[PDB]
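To begin, one chain is listed below as structure tokens, in the form deposited in one PDB entry.
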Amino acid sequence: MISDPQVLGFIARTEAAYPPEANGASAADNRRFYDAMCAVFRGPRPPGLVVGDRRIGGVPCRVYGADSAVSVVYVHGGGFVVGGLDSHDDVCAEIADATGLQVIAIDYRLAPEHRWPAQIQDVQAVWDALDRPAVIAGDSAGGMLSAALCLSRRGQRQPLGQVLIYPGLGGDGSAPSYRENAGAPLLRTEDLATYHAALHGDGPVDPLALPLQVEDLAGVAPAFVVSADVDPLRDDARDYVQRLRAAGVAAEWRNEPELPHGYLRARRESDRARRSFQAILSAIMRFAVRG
């Protein structure tokens, strides 16, 4: 169990900002509660960073920073029900400022109003419209979208790399982290239903394989996969990196001791979380600079 007082403090502040009763509350109510949480922890925008919104392949997007030879496409998390351009704004802004690469955040369609495969179709639509060298990165459900995009766009259009931040990649639940972290801090459980049911293929039945179940991972972009140790999805990161290397893809698994799911919001009060984001930025830069 977590003993780092900084991240116990972060956990306490997240729970206080986010009363654990949001569930059959309403998708409308969960979106409101999630933004109120995000605002507690939100950092300031870097002054001087240019930021504007723009439709790209029919999907609303937010663009951070000046045009660059290599970009970063960021796909936010939220279990395909919550989140948007404002929920992950400061993370994208800091990626842009630190790397000097232009960042494009994708406001993909959310369920229950738009069920799968709307989310991956929107990501593919932005990716195909951008038609440029780019690293792709995402957290949680947005990490799964990032992984699925790479798998569906192999060949010339492949991203230069995939940076996956505590992703859920479709593990079947049998891995140890689902046991060891079943009551992990910041886990809502009542979200897993909203995210499996309707939302995903568990909504009108459909195969459309999730990354951990595709068998030909050969040729997809090199991966940097970072997990929270205290998170049931931890071993999805372990498992996907192990499968990626068996396919001859370069991939690294970084597991973060003492951190829960969602810890990017703790980077302004936790040394552990801040170091993790520093490593995430360096992995992005590593993929972007071509070699």
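What we label the rigid core is the largest C-alpha set whose atoms superpose within 1.5 Å from one form to the other. Residues that one form lacks are left out of the comparison. We number the residues from 1 along the sequence you see.
Absent from the display: the form deposited in another entry. The rest refers to it.
Compared between the shown form and the other one on the core, the listed residues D86, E180, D107, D191 keep their C-alpha shifts below 2 Å, save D191.
Comparing the forms between the shown form and the other one, the C-alpha position of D131 differs by less than 2 angstroms, with the core used for superposition. Once the rigid core is used as the reference frame, the Cα position of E21 differs between the shown form and the other one by 2 Å or more. In this overlay on the rigid core, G201 has a C-alpha that sits 2 Å or more away from its partner position between the shown form and the other one. Relative to this conformation, a decrease of 3 Å or more in the Cα-Cα distance between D206 and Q162 is found in that other deposited form. The Cα-Cα distance between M144 and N23 is lengthened by 3 Å or more in that other deposited form relative to the form shown here. Taking only residues common to both forms and fitting on the rigid core, the CA shifts of 2 Å or more between the shown form and the other one cluster into runs of 3 or more residues at 20-24, 188-194, 200-209.
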